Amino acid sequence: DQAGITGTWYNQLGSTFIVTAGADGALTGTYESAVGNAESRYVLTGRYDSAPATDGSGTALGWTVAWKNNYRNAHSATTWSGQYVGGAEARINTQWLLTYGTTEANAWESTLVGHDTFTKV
């Protein structure tokens, strides 16, 4: 649990997700994206399942990054929702939703969707 997820992961875009698993389920750390209106690190927070199953299933988790730091504000936030798989090629497989603040008139087009896969190399 804690041991697996805690640390540095990298997705297929080159972004760098540096997280610490609390013992109770807390997720805390930072996020630097390779693309988008984004530069340097951003704060992130979320949760994972701290007593996950033994049947060889992944560990369900989820975190969120609001795209504002000491450099820029993108008026957006994405949530990654996924599950952590251990073993030889450990991965965190996710899908995500990026909502950016709009007027009610562009609400229809406020949310992008996607998938990021995170490995340790």
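We number the residues from 1 along the sequence you see.
Higher mean CA temperature factor, per the PDB entry, when comparing 61-69 with 23-31: 23-31. Taking the mean C-alpha B-factor of each stretch as recorded, 51-59 and 76-84 are not equal, and the higher mean is that of 51-59. When the modelled residues of the chain are ordered by C-alpha B-factor, residue 2 sits in the highest third. Placement of the Cα temperature factor of residue 17 within the chain: middle third of the modelled residues, per the deposited record.
Remark: residue 106 belongs to the lowest third of its chain, ranked by C-alpha B-factor as recorded. Placement of the Cα temperature factor of residue 43 within the chain: middle third of the modelled residues, per the deposited record.
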